[PDB]
Amino acid sequence: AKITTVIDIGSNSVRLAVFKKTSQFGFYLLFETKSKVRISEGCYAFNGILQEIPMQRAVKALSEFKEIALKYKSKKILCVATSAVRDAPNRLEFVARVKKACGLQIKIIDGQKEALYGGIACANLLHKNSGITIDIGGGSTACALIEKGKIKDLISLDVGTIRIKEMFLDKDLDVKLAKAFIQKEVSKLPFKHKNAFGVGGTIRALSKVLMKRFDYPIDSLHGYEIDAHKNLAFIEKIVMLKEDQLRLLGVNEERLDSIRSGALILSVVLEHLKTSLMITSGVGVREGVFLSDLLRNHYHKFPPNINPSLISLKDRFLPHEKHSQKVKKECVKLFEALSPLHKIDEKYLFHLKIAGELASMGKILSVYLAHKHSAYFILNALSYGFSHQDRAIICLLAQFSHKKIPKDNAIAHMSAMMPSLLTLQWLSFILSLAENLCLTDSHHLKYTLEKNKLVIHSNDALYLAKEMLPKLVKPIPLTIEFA
Amino acid sequence: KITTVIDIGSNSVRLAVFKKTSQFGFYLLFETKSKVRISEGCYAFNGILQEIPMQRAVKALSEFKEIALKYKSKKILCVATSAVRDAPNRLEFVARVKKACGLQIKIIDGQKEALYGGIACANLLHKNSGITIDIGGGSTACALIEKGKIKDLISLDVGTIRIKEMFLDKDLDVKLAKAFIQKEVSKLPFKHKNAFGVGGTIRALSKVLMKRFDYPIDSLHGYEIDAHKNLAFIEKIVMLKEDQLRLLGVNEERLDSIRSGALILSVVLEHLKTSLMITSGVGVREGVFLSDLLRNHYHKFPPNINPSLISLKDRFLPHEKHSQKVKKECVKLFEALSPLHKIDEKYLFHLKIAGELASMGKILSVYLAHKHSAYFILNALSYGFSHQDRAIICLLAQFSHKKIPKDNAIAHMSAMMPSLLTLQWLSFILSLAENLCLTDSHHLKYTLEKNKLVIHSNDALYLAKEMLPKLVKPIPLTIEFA
Ligand SMILES: Nc1nc2c(ncn2[C@@H]2O[C@H](COP(=O)(O)OP(=O)(O)O)[C@@H](OP(=O)(O)OP(=O)(O)O)[C@H]2O)c(=O)[nH]1
Ligand SMILES: Nc1nc2c(ncn2[C@@H]2O[C@H](COP(=O)(O)OP(=O)(O)O)[C@@H](OP(=O)(O)OP(=O)(O)O)[C@H]2O)c(=O)[nH]1
Ligand SMILES: [Mg+2]
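Line by line, the protein sequences give chains A and B. To convert a position in the first sequence, counted from 1, into the UniProt record's numbering, add 1. To convert a position in the second sequence, counted from 1, into the UniProt record's numbering, add 2.
This is how it looks when you write it as structure tokens:
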């Protein structure tokens with residue numbers, strides 16, 4: 002199925018995602034939208050029976066979601082329901098009510114499945130292979146233990162923002178009564194880990210709060226790293242704030258009644274799991290349901306050296322991948338020939354190779370400032386499987402091709418673990434020289450290094466490359482000659 | 003599908019690869035150059051082509067052939083200009099090229115060269131009438147355009163490299179070159195308030211003016227220059243030393259030719275009584291292509307066709323259904339609300355294009371999709387649009403469902419830009435149009451009852467109703483569904 006729509010009927014909101022499959026492993030999120038139905042509204046005081054008005058709202062919203070799915074020419078519609086519907090004595094009635102109204106066939110999924118799908122997404126679409134997911138929802142909280150890309154255990158707890166809200170916070174009971182309740186369920190988590198994968202809207206909201214609190218330069222939620230110990234106190238503080246204080250931190254109006262109880266869950270879980278680093282995730286159950294279908298024969302895992310966002314990016318903007326692969330190859334050969342001089346850690350080949358593939362991607366938009374554009378595409382769309390540093394490095398190499406990288410760059414200094422300015426100049430220089438030598442259809446290039454002289458061997462004239470040699474920015478005094 | 007054009011100029015050899023994405027849709031896929039300068043030292047020998055510049059030219063064009071093939075060109079159009087057409091050994095140099103790489107150079111005369119420039123400026127600029135100024139290495143072409151149709155063609159024998167090696171390399175008084183250029187410019191039989199600057203010299207000078215004023219948009223095409231106001235500065239360029247030119251941003255390879263070129267421009271501008279010069283990023287190369295693409299259309303695009311807008315949609319909006327609906331509702335809401343915002347009907351032009359392209363950037367990422375859209379618009383919506391057009395459309399898309407900041411740089415890029423309250427109105431209308439078009443609902447009808455917009459429809463419009471609070475209204479305004 003080329004175009005696949007995924008509908009997620011949660012306890013707090015109703016969400017829709019349209020996925021487009023560009024190649025075997027290539028895909029990208031084509032369209033997203035939401036509705037704040039909150040089908041669980043007022044149900045926790047009546048044994049989880051879905052009330053009449055929320056069901057009417059859910060039907061009206063799900064009917065237009067079906068319309069949206071069809072105008073995108075969807076070949077497959079996967080619809081799932083979670084905690085609030087799971088627990089509802091009248092779940093069958095609501096499922097059949099939706100089918101009669103718009104045709105959608107809701108598939109109620111158990112709390113373990115809900116946890117599994119989240120783990121599948123994080124294990125394939127994040128830049129770390131080991132850790133525990135934390136998917137705080139309206140009615141339940143899921144956790145999936147992941148070790149080296151494989152899911153080793155799963156837990157589902159019956160604590161949730163709207164559940165805690167309607168049980169304790171709307172009755173204005175002391176928070177310690179709501180805190181105790183959550184701890185009693187969190188104790189049922191049989192694992193610990195230094196890493197955490199933050200999943201769900203509540204955590205995306207708290208992630209935005211911190212991104213604002215630290216003036217983060219990169220405006221991408223997926224991959225955002227959060228020191229758990231340093232911010233644990235700040236997260237608990239959010240619980241006791243009034244509505245006006247939450248607005249000043251950036252919390253949307255529609256999250257004001259739920260984020261307080263949400264922060265409380267997250268703070269109790271972070272303490273129990275002994276987390277020290279939480280990575281914000283932008284994917285969850287929705288993406289998991291899709292990946293479970295996409296990677297049916299590959300054990301729900303991507304083959305090694307297969308990144309979905311890198312591939313789909315080339316599928317969308319580089320259908321003719323021939324030129325970009327030669328540039329990448331020459332980047333490796335030069336990196337090796339020059340290794341005695343630059344002594345750069347081999348780990349940056351990863352970033353240099355990708356920069357070579359994508360250096361000219363931006364030409365699809367304009368040949369002028371093309372590298373600027375490619376750097377723009379990279380920083381904003383190269384998400385799955387890359388850290389924010391990985392984007393920054395890859396971004397800068399392409400951006401400053403044939404140019405000198407300034408010393409006051411905001412992105413280059415986003416962290417102390419970033420490579421030196423000399424390393425970036427070295428890498429970008431290599432990229433630049435490679436682009437010049439691949440301008441023609443030259444083959445069998447060989448490079449040799451002497452004390453300080455790079456010698457380029459080839460049977461071709463390489464007239465243009467030779468003419469363009471002055472306009473390269475060298476990292477150090479260096480001589481370049483053509484045999 | 004893919005057409006390459008090779009321009010054998012007097013100062014440089016140029017290669018451009020064009021991709022045709024539809025009937026009228028095209029975009030420049032790749033470009034490069036070589037500084038062969040085949041005319042080096044030719045003006046002393048009545049135009050004879052020297053050996054070294056010919057061997058360099060052969061080597062370069064042979065690799066321009068290699069490039070054209072690896073881009074899968076079905077057509078390779080090659081033209082030669084002044085320096086090559088004035089030589090006594092033209093036929094021989096053309097033979098060595100065809101021998102060495104298989105290219106068939108077509109020598110074109112001055113009239114033909116002015117035409118190709120006029121064809122490009124007549125189709126790819128945001129003004130319909132004016133005079134082109136194509137200052138090259140050995141000639142200066144001028145075409146008269148009236149309502150997009152070419153009326154007269156003239157070719158002058160003044161050029162950068164020419165004026166350089168005849169006057170400026172010999173360290174004589176500048177007034178001698180000005181007199182020579184004046185006597186040759188007098189041949190121009192027309193005048194006009196609009197001039198279209200073409201060629202690398204003028205692009206280099208425009209780049210200098212942009213830096214001087216700290217311009218916020220980094221696109222050359224469509225840059226407007228006040229001729230009277232900037233004439234004196236252009237004249238001063240002539241008397242500057244190279245180190246002074248470097249601080250102005252002039253690259254090394256233009257240092258030897260920008261002074262003579264500046265002098266030519268100051269005389270042409272003065273003689274044509276030019277009031278507005280529009281920098282053109284397109285020239286002879288684009289004319290050759292448009293001549294082949296618009297062969298059955300009298301070398302001009304229909305007066306409803308923008309090849310930039312189109313190509314931008316061919317590249318990123320193959321399925322055009324949703325966008326056309328949003329545009330339609332943008333017009334209806336605009337007219338229905340006119341008693342409240344009282345905005346000049348000329349701004350419908352922008353709101354409609356913003357409505358077509360508001361969601362374009364979703365092909366890069368659904369997150370921050372509207373910003374991506376603005377980025378595309380501001381950097382690639384070039385042919386047939388002014389910079390203000392770009393700026394306005396860019397801002398409408400960018401700040402959908404948002405409040406436009408008061409200190410926005412693009413909003414203040416000019417004093418003629420619309421007010422912030424106007425931009426807020428258009429952005430708000432776009433936003434409402436987007437919500438009402440989310441589903442496939444039809445037959446929307448609007449009525450205004452003293453600040454009350456009433457949206458009439460038979461469909462539930464559930465989602466549109468729920469999203470209403472997230473709109474940023476430009477003024478206190480009531481909106482209700484019937
Ligand atoms: N799943 C997911 N969502 C993302 C990601 N990045 C951003 N979003 C969400 O998409 C919506 C758009 O936020 P922006 O990207 O800043 O675009 P916008 O503000 O101009 O509307 C927001 O949801 P919202 O309107 O604040 O409501 P909510 O969905 O956050 O509860 C935002 O939190 C991501 O990586 N993954
Ligand atoms: N024909 C045309 N050219 C444009 C246009 N816009 C920019 N250019 C030229 O393209 C080349 C790329 O310079 P930039 O656009 O700044 O991109 P870059 O700095 O990263 O190389 C420059 O030519 P250059 O390297 O300075 O040498 P030259 O070709 O200008 O003489 C620039 O003047 C345009 O609209 N039309
Ligand atoms: Mg959920």
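Every residue gets a Cβ at the ideal spot worked out from N, C-alpha and C, and that includes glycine.
Residue i - containing beta strand (DSSP E), residue span
i, result
"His-458 (chain A)", "454-458"
"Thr-142 (chain B)", "142-148"
"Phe-32 (chain A)", "28-36"
"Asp-316 (chain B)", "Counting along the chain, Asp-316 (chain B) falls outside any beta strand (DSSP E), though it belongs to the alpha helix (DSSP H) covering 309-318."
"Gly-132 (chain B)", "132-137"
"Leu-450 (chain A)", "447-450"
Limits of the alpha helix (DSSP H) - the one that residue i falls within
i, result
"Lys-467 (chain B)", "464-468"
"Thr-480 (chain B)", "Segment 480-483 is the beta strand (DSSP E) holding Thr-480 (chain B); no alpha helix (DSSP H) there."
"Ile-165 (chain B)", "162-165"
"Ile-219 (chain B)", "Neither: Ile-219 (chain B) is in no alpha helix (DSSP H) and is coded neither H nor E."
"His-324 (chain B)", "323-338"
Three-way DSSP call (helix, strand, coil) for residue i in this model
i, result
"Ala-197 (chain B)", "strand"
"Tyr-385 (chain B)", "coil"
"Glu-115 (chain A)", "helix"
"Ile-431 (chain B)", "helix"
"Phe-20 (chain B)", "strand"
"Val-252 (chain A)", "coil"
"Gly-357 (chain B)", "helix"
"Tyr-225 (chain A)", "coil"
"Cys-80 (chain A)", "strand"
"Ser-157 (chain B)", "strand"
"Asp-258 (chain B)", "helix"
"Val-7 (chain B)", "strand"
"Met-279 (chain A)", "strand"
"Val-284 (chain B)", "coil"
"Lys-151 (chain B)", "strand"
"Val-15 (chain B)", "strand"
Chain-ordered neighbours of residue i on chain A, where CB pairs are closer than 7 Å
i, result
"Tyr-225 (chain B)", "Residues of chain A passing the Cβ test: none, with the nearest at roughly 13 Å."
"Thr-441 (chain B)", "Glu-65, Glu-68 and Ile-69"
"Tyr-464 (chain B)", "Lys-61, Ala-62 and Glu-65"
"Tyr-377 (chain B)", "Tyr-377"
Partner residues on chain A for residue i, Cβ-Cβ distance less than 9 Å
i, result
"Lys-72 (chain B)", "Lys-323, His-324, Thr-441 and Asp-442"
Where residue i falls, given that 16 or more other Cβ within 10 Å makes a residue buried
i, result
"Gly-104 (chain A)", "exposed"
"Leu-71 (chain B)", "exposed"
"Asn-125 (chain B)", "buried"
"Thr-480 (chain B)", "exposed"
"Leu-249 (chain A)", "exposed"
"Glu-436 (chain B)", "buried"
"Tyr-225 (chain A)", "buried"
"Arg-261 (chain A)", "buried"
"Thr-83 (chain A)", "buried"
"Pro-309 (chain B)", "buried"
"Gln-326 (chain B)", "exposed"
Chain B residues whose Cβ lies nearer than 9 Å to that of residue i
i, result
"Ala-2 (chain A)", "Residues of chain B passing the Cβ test: none, with the nearest at roughly 17 Å."
Within chain A, partners of residue i - CB distance below 8 Å
i, result
"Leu-31 (chain B)", "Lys-364 and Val-368"
"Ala-382 (chain B)", "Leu-366 and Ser-367"
"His-374 (chain B)", "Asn-381"
Under 7 Å from the C-beta of residue i: neighbouring residues of chain B
i, result
"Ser-36 (chain A)", "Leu-465 and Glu-468"
Partners in chain B for residue i, counting only beta-carbon separations shorter than 8 Å
i, result
"residue 497 (chain A)", "Here chain A has residues from 2 to 484 only, and residue 497 (chain A) is not among them."
Three CB pairs or more closer than 8 Å across the stretch 43-51 of chain B and the stretch 88-101 of chain B: With a cut-off of 8 Å, the stretch 88-101 of chain B and the stretch 43-51 of chain B count as touching, because enough Cβ pairs lie within range.
Sequence-ordered residues whose beta carbon comes within less than 5 Å of a heavy atom of ligand 5: Within the structure as shown, ligand 5 is missing, the only ligands being ligand 1, ligand 2 and ligand 3.
Contact set between the stretch 284-318 of chain B and chain D, restricted to residues whose Cβ is under 8 Å from the partner: No chain D is present in this structure, whose protein chains are A and B.
Stretch pair the stretch 336-350 of chain B + the stretch 373-389 of chain B: three plus CB contacts closer than 8 Å: The stretch 336-350 of chain B vs the stretch 373-389 of chain B: no contact.
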